[PDB]
């Protein structure tokens, strides 16, 4: 099958690519893959484990391999051995020039960039290129997935984002102030009939205009924002306090990392996107809302090794306060990368079983799962098993 990756030269993206190839050349195991669980025996019928990649980028790198080496140099998140073995495959994967429209202050920090707006094109022209790019690539087994830098919170317009009609008038009128890259990509994907996933907190296909378009074309989509670490933990074990009828009075989650993302998610301008994101999460599991703090800080030396420190303060019998601490030490790309392959496969699966619009039941992969209040990891996993089983 074919995967088109928005932000194709990033760590998550290339680790997923490196990984797809290593597994297919049979020199890496299938650990990490949700689609490779016993319960999903059968899915290779509808979406074999086989991947061809391309994607969009704004960064000035030569091909996927050069990108993967750069990330590997600073993180050694996998055996050098593995990288050298896929050097050739990844070298033949060259990204096409993207758009960074409305991507914020922090885009400097990617180093040297090249954009479609940088060539001085109209919105129509840019949309049109992105479309061309993917279509020349796309077959009937193609999915599009966004893994590009988190955008700020969009310049939200009722006119231009409230309806598909409105969104297209935005394109046609060349009204760039209203568009964000993620919208354009997602539009293009749904526009060409291609399943789309948003792995980021950027708006992507979340706006009503793109949900409308998704529904009308008959195209499945999912998101948003992959639940890969500390949040997976939170949503896996907050429910333990509800089951035991204990009152969580405070929850602290403090996470640190370096690399392109943490260095941008720093300034509380762009820091806003993951501070609402971890307590209304809690009320939807406990049915009340403890005092919750949620923070990410820059910490250069850690690079992609996002580390998180959680404290849970809770009352038990006779209201006695008690304490729970945990530390999460993982490489972000390693926990994310496989989910991109899982999502690609589940989405193709959904396409072929005729699913249209938002795939509620894929909540399991995300922190802002669209169209659902099912947040508790356990219920989510059951939901995904059961959605898979019923359609199979």
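Positions refer to the first chain, counted from 1.
Student: Output the stretch having the higher mean C-alpha B factor in the entry; the candidates are 38-46 and 51-59.
Tutor: If you average the C-alpha B-factors of 38-46 and of 51-59, the larger mean comes out for 38-46.
Student: Highest mean C-alpha temperature factor of the two stretches 359-367 and 65-73, which is it?
Tutor: Stretch with the greater average CA B-factor: 65-73.
Student: In terms of recorded Cα temperature factor, pick the maximum from 310, 225, 91, 304.
Tutor: Within the set 310, 225, 91, 304, 91 shows the top C-alpha B-factor.
Student: Which of these, 187, 254, 156, 299, has its C-alpha atom at the highest B-factor, as the entry lists it?
Tutor: Checking the PDB record, the top C-alpha B-factor among 187, 254, 156, 299 is at 156.
Student: Could you look up the Cα B-factor of residue 262 in the entry and say which third of the chain it sits in: lowest, middle or highest?
Tutor: According to the entry, residue 262 has a C-alpha B-factor in the chain's highest third.
Student: Hey, what third does residue 167 fall into on Cα B-factor, ranked over its chain?
Tutor: Ranked within chain, residue 167 CA B lands in the middle tercile.
Student: Ordered by C-alpha B-factor within the chain, which third holds residue 143? Give me lowest, middle or highest, please.
Tutor: Ranked within chain, residue 143 CA B lands in the middle tercile.
Student: Within this chain's modelled residues, let me know which third the CA B factor of residue 116 belongs to: lowest, middle or highest.
Tutor: It belongs to the highest third of the chain when residues are ordered by C-alpha B-factor.
Student: Mind checking which third residue 207 falls in for C-alpha B-factor across the chain?
Tutor: Its C-alpha B-factor belongs to the middle third of this chain's values.
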